[PDB]
Amino acid sequence: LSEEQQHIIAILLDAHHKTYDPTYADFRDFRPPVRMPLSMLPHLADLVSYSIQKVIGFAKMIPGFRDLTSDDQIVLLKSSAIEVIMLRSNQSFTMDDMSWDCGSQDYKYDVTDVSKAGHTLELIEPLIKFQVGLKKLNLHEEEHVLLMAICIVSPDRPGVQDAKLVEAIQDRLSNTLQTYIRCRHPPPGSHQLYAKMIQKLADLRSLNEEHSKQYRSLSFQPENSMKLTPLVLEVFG
Amino acid sequence: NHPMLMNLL
Ligand SMILES: C=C1/C(=C/C=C2/CCC[C@]3(C)[C@@H]([C@H](C)C[C@H]4C[C@@](C)(O)C(=O)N4CCCCc4ccccc4)CC[C@@H]23)C[C@@H](O)C[C@@H]1O
Numbered sequence: 124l125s126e127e128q129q130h131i132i133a134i135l136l137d138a139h140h141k142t143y144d145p146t147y148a149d150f151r152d153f154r155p156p157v158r159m219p220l221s222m223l224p225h226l227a228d229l230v231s232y233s234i235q236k237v238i239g240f241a242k243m244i245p246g247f248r249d250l251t252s253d254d255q256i257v258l259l260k261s262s263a264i265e266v267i268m269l270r271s272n273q274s275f276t277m278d279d280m281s282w283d284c285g286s287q288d289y290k291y292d293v294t295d296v297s298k299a300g301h302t303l304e305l306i307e308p309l310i311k312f313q314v315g316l317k318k319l320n321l322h323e324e325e326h327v328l329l330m331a332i333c334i335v336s337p338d339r340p341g342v343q344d345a346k347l348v349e350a351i352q353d354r355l356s357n358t359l360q361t362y363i364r365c366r367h368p369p370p371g372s373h374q375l376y377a378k379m380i381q382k383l384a385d386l387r388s389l390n391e392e393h394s395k396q397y398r399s400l401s402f403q404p405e406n407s408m409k410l411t412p413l414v415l416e417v418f419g
Numbered sequence: 626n627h628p629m630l631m632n633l634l
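As given, the protein sequences belong to chains A and C, one line each in that order. Numbered by the entry's author numbering, the letters in the first sequence go through residues 124 to 159, 219 to 419 in order. The entry's author numbering runs 625 ahead of the 1-based position in the second sequence.
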């Protein structure tokens, strides 16, 4: 509710609007989706690679992030990219058919698109439930962009050098979220909302750990790793 | 050793 806190919220909202296209116009640039085992890999690999760029673009605008060292910025983005991707995907996720609907039937993704290969259901079943539970929080867009930023600036990520500064930046955002809920999220929706949002960050860590397991299996098959992008291999590697 | 990500930064 402070002038500084409103400043943070305005920056994070504009940063999100600059890095998330609700028209999904750029999806034409991706390799084409095909729906028959790994038929969707080239299209979805380009989707993830595109989204990593947008997550980095959002991360740059977070107040205090640029004040970090270059190496802490890389550690934070490497460990959080897939978590922010899962978070930011909730905007396109719909509970009608439990799918990410990005504007066209070709750009609608369900469990069968992603969970037919290997053990990928061990990630997709918990991921859909996370999407369902996150949607049922009905967050304000202000709260959506704060949670993404809090997720990125995490002091406990492995390999963080300066950790006190990461904590100071995250607490600035965390105190902005808690004060926002009290001041503009009315009851009953705001009941326990901050604690439920923090719990979603814990769900993301287990989804992150499961994603790491499936990527390692996917990447060890060179024929499948050929289908990825250079940025995905660099970040998820 | 992360040229593309550091360039995006
Ligand atoms: C990222 C976003 C979006 C993400 C949408 C989804 C729904 C579909 C599945 C997505 C893309 C997830 C990925 C597939 C995770 C993928 C990505 C990858 C390669 O990093 C990986 O190891 N994954 C899990 C292993 C599955 C391998 C596989 C791929 C294709 C086919 C069969 C098997 C992560 C985020 C998910 C949609 C939209 O809101 C834009 C937003 O930016």
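Every residue, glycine too, gets a C-beta built ideally from N, C-alpha and C.
Nearest to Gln255 of chain A by alpha-carbon distance, out of A:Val314, A:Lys290, A:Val335, is A:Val335.
Placement of the Cβ of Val327 of chain A at a distance of 7 Å or more from every heavy atom of ligand 1 is found. Within 10 angstroms of the beta-carbon of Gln374 of chain A lie fewer than 16 other beta-carbons, which makes it exposed. When the Cα atoms are used, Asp152 of chain A and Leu229 of chain A turn out to be separated by approximately 10 Å.
The beta carbon of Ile132 of chain A sits closer than 6 Å to those of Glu324, all from its chain and outside the five residues before and after it, given in chain order. For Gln255 of chain A, the nearest beta carbon of chain C is closer than 8 Å to its own beta carbon. Contacts with chain C at 8 Å (Cβ-Cβ) do not include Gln396 of chain A.
Closest in C-alpha terms to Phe240 of chain A, from the list A:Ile306, A:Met330, A:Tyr376, comes A:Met330. For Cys333 of chain A against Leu250 of chain A, the beta-carbon gap comes to about 15 Å, at or over 8 Å, which does not count as contact.
For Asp283 of chain A, the uninterrupted beta strand (DSSP E) segment begins and ends at 281 to 283. Within its own chain, the residues whose Cβ lies closer than 7 Å to the Cβ of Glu304 of chain A, once the five positions on either side in sequence are excluded, are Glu392, listed in chain order. Legend: CB atoms of the segment 124 to 156 of chain A lying less than 9 Å from CB atoms of chain C are not found in any residue. Nearest C-alpha to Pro368 of chain A among A:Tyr289, A:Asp279, A:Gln313, A:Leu319: A:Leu319. In this structure, the CA atom of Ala299 of chain A is about 30 Å from the CA atom of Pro340 of chain A.
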